[PDB]
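Okay, here we've got a single chain as C-alpha cells, the form deposited without the named molecule, with questions on binding and movement later.
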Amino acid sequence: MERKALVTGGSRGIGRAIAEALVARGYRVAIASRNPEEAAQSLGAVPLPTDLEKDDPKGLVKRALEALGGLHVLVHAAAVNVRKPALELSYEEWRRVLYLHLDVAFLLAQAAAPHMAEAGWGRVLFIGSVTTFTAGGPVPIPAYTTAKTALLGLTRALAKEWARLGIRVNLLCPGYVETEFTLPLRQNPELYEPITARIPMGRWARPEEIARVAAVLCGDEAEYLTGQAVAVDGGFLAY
C-alpha cells in the first residue's frame, strides 16, 4: 500500500470508520486500541493492541513503524471521558481525560513527526468536537471540552512548526455521530431532543460520513490546508 497510517481508537466508532476509509484509499493501516484484532481482520489492517491510557506513546509509534515499514499518517481517535461537572470531578479524573485526549496527542505527534519529515510528506489528524467551540450544552463535560479545545491550539502550533517538513496538521471536529461512545446520550429524550433540534440537517451523522472528510485531511487534498479545524456537524454550530 501507498501511505502508511496509524489510527488510534481505530476499532470502534469514528476511529474504525476512518481506518476503513483510509484502507479504501489504498493506505496500509495499523489500528491501535485495547482489542483491535477483530477490526484489523475485518478491515484488512494491522492490529496493534495497546492501552494508550498507560502505555508509552512513542513505543506505539515505533511498533507502527516496524509493522508498516514507514509512517505518513497519524489519526488520534482514541476515546474516553468522565461526564461529571467541575465541582464533582476529581483531579485524577480531570487528568485522565486530559492525558488521553491531549497529552497523548502531543506525544504521538512528537514521535511520528520525524518519520513523516524523513518521508517528506505527512498528515496528522487530531479529533475535536463541537465542544472545541462550545461547552457541550445540556451535558456536563468540562474536562472533555477543555481537552478538545486545547487540541485546536496544539493543531495550530504543530502545523506552524512542521509546515516546512511536508507535514500538515488539522483538527477534524465531528458533530453528533451515531456511535457506541454517544450511545448513552441518544437514549435520553431530554438530552437528545434539545441537541437534535439544533442540528439543521435534523439527524445525527453516520460514522462513515465523518470518515469521508477525515480521509480528505489525510490525503493530497490537504496539501495547502494546515493548522485548521474542520467541523462536520450537520450545521449544528451554524444554527
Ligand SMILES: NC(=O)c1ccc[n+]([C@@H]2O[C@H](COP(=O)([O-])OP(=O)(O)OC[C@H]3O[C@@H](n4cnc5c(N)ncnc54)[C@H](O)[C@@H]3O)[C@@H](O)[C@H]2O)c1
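One rule holds for the numbers: they count along the sequence shown, beginning at 1.
So, looking at the entry's B-factor column for Cα atoms, which has the higher mean, 102 to 110 or 79 to 87? Higher mean C-alpha B-factor: 79 to 87.
Item checked: Selected stretch [higher average CA B-factor]: 65 to 73 or 49 to 57 -> Between 49 to 57 and 65 to 73, it is 49 to 57 that shows the higher mean C-alpha B-factor.
- Message: For the CA B factor values reported in this entry, which option in 189, 207, 174, 200 has the top one?
- Response: Among 189, 207, 174, 200, the highest C-alpha B-factor in the entry belongs to 189.
- For the listed 135, 157, 97, 119, which has the peak Cα B-factor recorded in the PDB entry? If I rank 135, 157, 97, 119 by C-alpha B-factor, first place goes to 119.
>> Where does the C-alpha B-factor of residue 1 rank in its chain, lowest, middle or highest third?
In response: Answer is highest: the recorded C-alpha B-factor places it there.
Notebook entry, point to check: Among the chain's modelled residues, which third holds the C-alpha B-factor of residue 166?
Noted result: Answer is middle: the recorded C-alpha B-factor places it there.
So where's residue 24 on the chain's Cα temperature factor ranking, which third? Within its chain, residue 24 is a highest-third residue by C-alpha B-factor, going by the deposited values.
message: Going by the CA temperature factor in the PDB record, which third of the chain does residue 13 belong to: lowest, middle or highest?
response: As the PDB entry reports it, the C-alpha B-factor of residue 13 lands in the highest third of its chain.
TODO: Taking the values exactly as deposited, rank residue 213 by C-alpha B-factor within its chain and report the matching third: lowest, middle or highest.
DONE: Its C-alpha B-factor belongs to the lowest third of this chain's values.
Omitted here: the form deposited with the named molecule bound. The next part is about that form.
Margin query: On the criterion of a non-hydrogen atom at 4.5 angstroms or closer, are 13, 53 and 148 all touching the named molecule in the entry with it bound?
Written below: Checked in the entry with it bound: all three residues contact the named molecule.
- [ ] With the named molecule left out of view, choose which of 71, 143, 109, 127 has a non-hydrogen atom within 4.5 angstroms of it in the entry with it bound.
- [x] In short, 127.
Exercise. 79, 139, 89, 165: which sits within 4.5 Å of the named molecule in the entry with it bound by any heavy atom?
Worked result: It is 79 that has a heavy atom within 4.5 Å of the partner.
Exercise. So, in the entry with it bound, is residue 34 in contact with the named molecule at a 4.5 angstroms heavy atom limit?
Worked result: Residue 34: contacts the named molecule in the entry with it bound.
Q.
Can you tell me if residue 170 lies within 4.5 angstroms of the named molecule in the entry with it bound, counting non-hydrogen atoms only?
A. It does not: once the named molecule is placed as it appears in the entry with it bound, residue 170 has no heavy atom within 4.5 Å of it.
- prompt: Looking at the partner-bound form in the entry with it bound, is residue 40 within 4.5 Å of the named molecule by any heavy atom?
  reply: It does not: once the named molecule is placed as it appears in the entry with it bound, residue 40 has no heavy atom within 4.5 Å of it.
_Considering non-hydrogen atoms and a 4.5 Å limit, does the named molecule approach residue 57 in the entry with it bound?_
Judged by the heavy-atom cut-off of 4.5 Å, residue 57 is well away from the named molecule in the entry with it bound.
Only one of these stretches, 22 to 30, 170 to 178, 188 to 196, 63 to 71, has heavy atoms within 4.5 Å of the named molecule in the entry with it bound; which one is it?
That would be stretch 170 to 178.
_Could you pull out the residues of 182 to 219 that have any heavy atom within 4.5 Å of the named molecule in the entry with it bound?_
Sequence-ordered list has one entry, 182.
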